[PDB]
Amino acid sequence: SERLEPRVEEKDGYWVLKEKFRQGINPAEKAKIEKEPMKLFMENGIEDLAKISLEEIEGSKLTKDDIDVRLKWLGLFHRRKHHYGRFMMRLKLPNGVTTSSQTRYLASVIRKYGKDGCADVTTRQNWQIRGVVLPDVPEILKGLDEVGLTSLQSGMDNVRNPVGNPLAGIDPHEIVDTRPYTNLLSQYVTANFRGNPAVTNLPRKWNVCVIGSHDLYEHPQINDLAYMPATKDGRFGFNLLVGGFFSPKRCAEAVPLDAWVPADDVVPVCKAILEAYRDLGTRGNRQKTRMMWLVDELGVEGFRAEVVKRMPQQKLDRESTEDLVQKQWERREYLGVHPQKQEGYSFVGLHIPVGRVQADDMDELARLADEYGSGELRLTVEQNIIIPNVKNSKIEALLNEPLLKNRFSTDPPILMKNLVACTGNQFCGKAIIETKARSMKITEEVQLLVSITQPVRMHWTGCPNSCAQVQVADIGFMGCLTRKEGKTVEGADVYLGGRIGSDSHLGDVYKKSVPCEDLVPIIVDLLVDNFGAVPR
Ligand code: SRM
Ligand code: SF4
Ligand SMILES: [Cl-]
Ligand SMILES: [Cl-]
Ligand SMILES: [K+]
Numbered sequence: 020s021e022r023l024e025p026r027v028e029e030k031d032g033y034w035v036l037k038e039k040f041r042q043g044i045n046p047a048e049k050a051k052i053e054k055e056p057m058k059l060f061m062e063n064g065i066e067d068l069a070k071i072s073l074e075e076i077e078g079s080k081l082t083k084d085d086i087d088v089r090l091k092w093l094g095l096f097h098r099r100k101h102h103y104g105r106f107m108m109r110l111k112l113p114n115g116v117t118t119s120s121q122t123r124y125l126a127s128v129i130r131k132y133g134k135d136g137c138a139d140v141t142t143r144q145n146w147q148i149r150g151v152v153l154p155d156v157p158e159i160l161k162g163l164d165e166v167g168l169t170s171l172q173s174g175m176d177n178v179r180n181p182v183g184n185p186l187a188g189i190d191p192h193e194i195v196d197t198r199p200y201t202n203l204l205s206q207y208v209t210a211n212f213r214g215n216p217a218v219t220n221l222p223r224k225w226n227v228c229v230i231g232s233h234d235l236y237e238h239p240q241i242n243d244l245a246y247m248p249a250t251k252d253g254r255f256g257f258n259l260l261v262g263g264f265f266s267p268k269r270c271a272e273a274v275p276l277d278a279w280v281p282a283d284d285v286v287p288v289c290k291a292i293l294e295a296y297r298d299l300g301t302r303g304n305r306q307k308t309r310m311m312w313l314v315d316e317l318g319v320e321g322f323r324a325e326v327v328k329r330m331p332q333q334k335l336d337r338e339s340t341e342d343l344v345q346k347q348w349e350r351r352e353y354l355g356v357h358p359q360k361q362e363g364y365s366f367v368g369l370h371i372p373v374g375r376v377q378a379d380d381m382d383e384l385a386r387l388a389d390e391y392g393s394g395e396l397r398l399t400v401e402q403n404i405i406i407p408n409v410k411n412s413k414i415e416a417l418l419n420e421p422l423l424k425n426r427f428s429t430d431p432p433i434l435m436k437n438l439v440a441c442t443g444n445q446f447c448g449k450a451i452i453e454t455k456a457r458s459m460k461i462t463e464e465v466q467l468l469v470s471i472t473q474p475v476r477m478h479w480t481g482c483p484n485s486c487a488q489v490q491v492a493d494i495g496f497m498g499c500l501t502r503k504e505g506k507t508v509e510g511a512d513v514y515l516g517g518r519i520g521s522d523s524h525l526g527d528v529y530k531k532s533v534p535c536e537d538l539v540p541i542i543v544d545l546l547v548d549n550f551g552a553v554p555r
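Each residue of the sequence shown is one higher than the one before, counting from 20 in the deposited numbering.
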């Protein structure tokens, strides 16, 4: 069979598209062919690239592709359009678990760039830092490694940050601690921080998550692979869901693979699915390359059969009938102070306004973690931060800290609690609109106008990529250009009725291309009409 012949092959320890499969391939594919991105790290190609001047780099397609494309395999994103010559940098941070000494190291990096530095918590409970310049990269990379961090394979056609339960290990109601799994996935994916070329040539990005909570903080429905906790014949394992994605062209919720694996087949099955997708995924139209297109093209039974054959021992159990997720569970709030599983300890959830932090904030967060916590922080997919492991006797002193007074509140105004916003055009070259500052301003004006009790989830995304996941929001805003009074302005498509949890739903467009200046009255009506709000 032509179709089921692997499109890529091992060639000198990297994985390259065969000469017979070059028909109709997209620009990303061409770039990957012209040079294996992983050589930048694995043959220390970065050390040489970091010395070439910026305009020497710009003079050739190969080196300009190195900086604009291949460097994303090392977690480095050139902000060509909004931050020319500087790089955002993005980690692996499985489960969102960071240390105070990681957080201090990142602060020391972004501090070098003064006002060209800052950082962000992301919608995959991850750190990004900003302001990085190419000559600093080899030392930054060494410095990440010293504090137990990697930035490998965090952008482009790679396995993205493994998402788990932000309360793993400390949650009194958790189903299973997700940390050992998200950690093993990340370790497998980066070959213990060395780089793993076997999984670095996918037809597109690939999101993985491990569910350990009844709340489904992990968003299984919108991941390429979701691991759902489930017993089979008295053994603990996971039912598998595949193909969930957001793109400008199409969104899909994850579907059952009709498969169950035992606890220690988590890595083997990740491997088998990744390998099936690598080998078989389409590499033409870039907008038909997400794994769900393969699942549709072969059918799920057809895709499933390709997973079986790449399993050790050719075996993949059928789905277990009854999973461990309580179908009727009210999602818990984690902002504020909450009892932990461990007696006499609490976790404290801090509101990070649209996930943006400065060097000083980071150093302060790291100190508060040491002084009051266990030197650990838990990042969340709503772009917030929890300090876990606070002895109850220390809470009151923590509560008085200027950081919690002036920047990161345990008790933000209702509408701010759950406000999520993607990078936007401050730095994102693909953005049509400014998100972070504007969303805060519009929400501040909105709350001044309403009494509301329900903690409405509001998501602001800068373009149709939907990195801020507007299709799961109660009200979502997707950046577009529109017309005001003849002038071309920043506007938004307004989404309604996305749901998260067990009864999840993708919302659809409520109103098209609304000028952003006209958003407040529309949002108030939407709050008043759908979410229990009472006017002025
Ligand atoms: C930082 C983050 C948004 C945020 O403010 O939190 C982000 C921002 C970027 N995303 Fe994303 N994505 C973010 C997670 C998401 C998610 C949410 C999720 O994963 O649950 C989605 C939708 C779910 C999904 O992927 O299926 C997502 C959809 C994408 C897409 C659409 C991919 C597609 O199939 O079309 C792109 C465009 C692309 O890859 O070609 C995009 C591409 C980008 C780039 C790399 C665009 C670029 O070339 O500059 C953004 C970098 C901007 C910057 O400077 O930060 N990003 N992006 C998230 C970082 C996640 C992480 O730490 O790894
Ligand atoms: S949704 Fe668009 S503007 Fe926002 S981070 Fe993603 S690519 Fe950039
Ligand atoms: Cl990318
Ligand atoms: Cl750009
Ligand atoms: K936030």
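From the three backbone atoms N, C-alpha and C, an ideal C-beta is built for every residue, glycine too.
Fully contained in the region 32 to 64 are the following beta strand (DSSP E) runs of length 3 or more, in chain order: 33 to 36. Boundaries for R305: no alpha helix (DSSP H) harbours it, and the DSSP string shows neither H nor E there.
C535 is bridged by DSSP to nothing; it lacks a bridge partner.
Residue pairing by DSSP puts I148 in a beta bridge opposite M108, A138.
Around the C-beta of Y103, fewer than 16 other C-beta atoms lie within 10 Å, and the residue is accordingly described as exposed.
For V285, the enclosing alpha helix (DSSP H) starts and ends at 285 to 299. Distances from the alpha-carbon of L110 to those of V469, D155, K30, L125 put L125 closest. A contact between stretches requires three or more CB pairs, one per stretch, nearer than 8 Å, and the region 344 to 352 fails this requirement with the region 80 to 98.
A distance criterion of 8 Å places the beta-carbon of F496 beyond contact range of ligand 1, judged by its closest non-hydrogen atom. Taking the Cα positions, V229 is about 23 Å away from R213. In this structure, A450 has its beta carbon less than 8 Å from a heavy atom of ligand 2. Setting aside the 5 residues that flank it on each side, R555 is surrounded in the same chain by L468, each with a C-beta closer than 7 Å to its C-beta; the list follows chain order. With a cutoff of 9 Å on beta-carbon distance, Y529 and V539 are scored as not near each other. Take the alpha-carbon of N425 and the one of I404: they are about 15 Å apart. With a cut-off of 8 Å, the C-beta of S485 is classified as near ligand 2, since at least one heavy atom of the ligand falls inside that distance. Taking C-beta atoms as the reference points, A378 and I406 fail to come closer than 9 Å.
The residues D234, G520, in chain order, have a CB closer than 6 Å to that of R350 in the same chain once the five nearest residues on each side in sequence are set aside.
In the three-state DSSP reduction, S458 falls in the helix class (H, G or I). Closest option to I371, judged by alpha-carbon separation, among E29, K328, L396: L396. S532 and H478 have their C-alpha atoms spaced approximately 16 Å apart. The residues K111, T209, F212, in chain order, have a CB closer than 6 Å to that of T169 in the same chain once the five nearest residues on each side in sequence are set aside. For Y207, the enclosing alpha helix (DSSP H) begins and ends at 198 to 209. Look at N258: its beta carbon is at least 8 Å from all of the heavy atoms in ligand 2. Assignment of beta-bridge partners to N425 by DSSP yields no partner.
Looking at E62, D67, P216, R130, the one whose alpha-carbon comes closest to that of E28 is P216.
When the Cα atoms are used, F496 and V475 turn out to be separated by approximately 14 Å.
Of the heavy atoms belonging to ligand 2, at least one sits nearer than 8 Å to the Cβ of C441. For a cut-off of 8 Å, the C-beta gap from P287 to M330 is around 6 Å, short enough to register as a contact.
The alpha-carbon separation between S339 and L259 amounts to approximately 10 Å. Boundaries of the alpha helix (DSSP H) around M381: 378 to 391. Spatial neighbours of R309 in its own chain (CB-CB distance under 7 Å, excluding positions within 5 residues in sequence) are listed in chain order as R223, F264, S266. In this model, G167 and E401 are separated by some 24 Å (Cα to Cα). Under the three-state reduction of DSSP, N549 is assigned to helix. Bridge pairing for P474: absent [DSSP]. Sorted by chain position, residues whose beta-carbon lies closer than 6 Å to a non-hydrogen atom of ligand 3 are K91, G174, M175.
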